[PDB]
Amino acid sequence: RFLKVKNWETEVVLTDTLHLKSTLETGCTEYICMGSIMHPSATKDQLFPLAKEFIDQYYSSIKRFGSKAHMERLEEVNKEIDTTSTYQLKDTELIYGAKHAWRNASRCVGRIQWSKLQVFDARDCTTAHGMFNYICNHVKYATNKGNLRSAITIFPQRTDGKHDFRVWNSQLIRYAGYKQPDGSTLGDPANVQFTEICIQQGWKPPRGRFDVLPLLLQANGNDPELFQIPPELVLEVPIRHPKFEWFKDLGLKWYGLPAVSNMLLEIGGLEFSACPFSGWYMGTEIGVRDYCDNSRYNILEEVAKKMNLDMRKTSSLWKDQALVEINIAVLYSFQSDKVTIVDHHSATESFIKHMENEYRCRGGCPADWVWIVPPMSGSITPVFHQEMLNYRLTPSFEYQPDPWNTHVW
């Protein structure tokens, strides 16, 4: 059926037909909704229909569906699956597939940019040193001296599952976290486990609050190897406040390049277990989640102190006051250093325009409201009032288990 979504602020109604293309599960049923669960829920015979589905939509996308080239490609793919139990994507298909995985990412508010994505084909890589080289080139290209450019680097696809390429880091650039004898945590508590693994593998830790972690890289199923990203490639921003001259004394900083490296890219039944991709930050990612989550840097209290807020009662909203000032500081700092960043107002506005585009040209846009709405000031952004339909389309980015929970050394 045709499904309608309404914006309750503007009363705009859009009609979704694109959901009729989904063949993957969301996790919900008729009787239970799992919309707020973070992670709900080949063979030759499994592989060909997936391959075919994808080749078909590619040839449909370039308006040569049912052409000689299309027919020929299907036959070529079939033979390849027969003789080798898999197949290799064309360069054009790899690029189409990676852009569409981003386009289909229901949780991403930045998708208006989806067709501007620099794709680096790294399928000829064989060793962790090669992975390191490719990742350095990615970081340098994407960073671009502060004028950030969206990019993805794609390593060889899974074969038997015993020879996976994996970036063990959850992001290319992250700060270490250390357990202290007195029970507290220095640096980023999110990365304590990963940090311990690096240390055991031989990394010499500086034991600071913002130590850039080394890369831990796994090629062809072999044991992962450590590498230090050259420091001149790691762009960072000291956080200061435009009004509070004391804010810089907090000693806060962050890195300019958000580069998620732990997801799995699926295109046409093929699985790319190492596919680091990066765009640029939305301010709240750092200012709200990274700095203010209780389980992260958890800085609200320190900031509220310097602001001399009365922190005795929750109803003083001292947390909300400090939260805004911290996010002002992050935006101000990235902007002053000419490092690309977007605020949550601008970002969500662009997303609404994006949805409108996709409904017109594509018949819809899968979107996860739980993730799209920013972690602060929700209802003063336009996405809060926008009904969204969430459904799964392929190509897609997927969660995968942490490699230390699967790897035999």
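In case it trips you up, residue 1 is the first one in the sequence shown, and so on. The term rigid core refers to the most C-alpha atoms you can superpose between the two forms while keeping them within 1.5 Å.
Relative to the displayed structure, the C-alphas of 283-291 lie farther away on average in 7 other deposited structures of this protein than those of the other candidate, with 250-258 and 283-291 compared after rigid core superposition. For the pair 298-306 and 132-140, greater average C-alpha departure from the shown form in 7 other deposited structures of this protein after core alignment is found in 298-306.
Counting the unmodelled positions of the deposited sequence between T29 and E30 gives zero.
The mean Cα B-factor in the deposited entry runs higher for 299-307 than for the other of 271-279 and 299-307. Mean CA temperature factor is higher for 238-246 when stretches 332-340 and 238-246 are set side by side in the entry. Within the group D56, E349, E358, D368, the record's highest C-alpha temperature factor is found at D56.
Based on the entry's C-alpha B-factors, the most elevated value among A69, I380, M376, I37 belongs to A69. Ranked by C-alpha B-factor against the other modelled residues of its chain, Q157 falls in the lowest third. Sort the modelled residues of the chain by CA B factor and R107 lands in the lowest third. When the modelled residues of the chain are ordered by C-alpha B-factor, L323 sits in the middle third. Annotation for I135: CA B-factor lies in the lowest third of the chain's modelled residues. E80 sits in the highest third of its chain by CA B factor, as recorded in the PDB entry.
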